[PDB]
Amino acid sequence: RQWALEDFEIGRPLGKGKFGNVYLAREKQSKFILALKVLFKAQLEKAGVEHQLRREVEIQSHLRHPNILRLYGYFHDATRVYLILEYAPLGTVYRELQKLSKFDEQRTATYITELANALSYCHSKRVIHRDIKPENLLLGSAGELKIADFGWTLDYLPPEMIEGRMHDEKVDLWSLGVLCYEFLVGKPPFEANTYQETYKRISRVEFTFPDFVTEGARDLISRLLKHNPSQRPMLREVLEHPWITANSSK
Ligand SMILES: COc1ccc(NC(=O)Nc2ccc3c(c2)C(=O)N([C@@H](C)CO)C[C@H](C)[C@H](CN(C)Cc2ccc4c(c2)OCO4)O3)cc1
């Protein structure tokens, strides 16, 4: 699948990202519309993240899911590594959230459902994501969630990772709690002005609800944000939550 830059007409800047920029592109021969992520080798080598890249690629070979952004391939020159990506035409969840400033229960419960399907899949293939947050979420052509990475900024991290203790896949369930809160409220539950205070707030699981968050929503979030990883629900228990089943379209 020997690709090169000449195989693509590059288009509109989609934005700055990890270690470089993403652009819209069309493949000359098929006219297929994609995103092209330019990674500068200088930043990757000077960050020492060749391993995470190799992992990403390897995971992308074996794993595919409708709520996980596809990587079709990659190629090199002297300077840059180029990632050829599934194009997500409704953009980032972060952009949507800034616009609406927060999401209704229907939109949240749906998003949470799609994400739980993504993770539930991921976990069975022995993959813990560890990096779900609104900045890492895109939207496909029908408004469906797309996780940008396969993964591996304290706000979304659970106590066990904050402190450096042993952690498993319950990590991602914490993150889903955080995400669920932020979707409804418009900011993450442990937000603070310094790194140091945010750490303290997470250590001690200090979150409060605004009055407009409903009893069903508090129930699911309260259950995901337990200090004890083993007290956090299974992904199926999320998918079968009465607040989820009520509000979700998917
Ligand atoms: C170092 O080893 C790795 C490991 C994984 C990767 N993969 C990777 O970089 N994938 C990727 C794919 C899409 C991305 C990003 C990152 C990225 O850089 N993000 C930022 C914000 C923080 O991680 C995640 C966002 C979802 C970002 C959205 N942006 C920049 C514009 C954009 C808009 C629409 C898009 C699109 C990209 O791709 C398809 O449709 O789009 C790269 C190097």
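Cβ placement follows ideal geometry from the backbone for every residue including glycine, while neighbour counts extend to all protein chains displayed. Bear in mind that the values in this text are calculations on the coordinates, not laboratory data.
For the stretch 92-247, the square roots of the Cα gyration tensor eigenvalues, ordered a ≥ b ≥ c, give a/c below 1.5, which places it in the rounded category. Spin-label model, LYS28 to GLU135: label points 7 Å out along the Cα-to-beta-carbon direction sit 3.6 nm apart. Spacing of the modelled spin labels on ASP168 and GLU215, each 7 Å from Cα toward Cβ, amounts to 3.3 nm.
From a point 7 Å beyond the Cα of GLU45 in the direction of its Cβ, which residues of the stretch 13-32 have a backbone N at a distance under 18 Å? The answer is 19-20. Alpha carbon centre of the stretch 79-113 versus the stretch 171-250: separation in Å? Value for the Cα centre distance between the two parts: 19 Å.
Looking at the chain, the DSSP beta bridges with both ends there are about 95 percent antiparallel. Ranked by the mean number of other Cβ atoms within 10 Å per residue, highest first, peptides 215-221, 143-149, 124-130 order as 143-149, 215-221, 124-130. Straight-line cross-link reach from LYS250 at under 17 Å between alpha-carbon atoms covers these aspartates and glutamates, not counting any fewer than eight positions away in the same chain: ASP104, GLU105, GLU114, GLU144, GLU237, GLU240.
Taking the stretch 164-185 and a reference point 7 angstrom along Cα→Cβ of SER203, the backbone N atoms nearer than 14 Å belong to 164-165.
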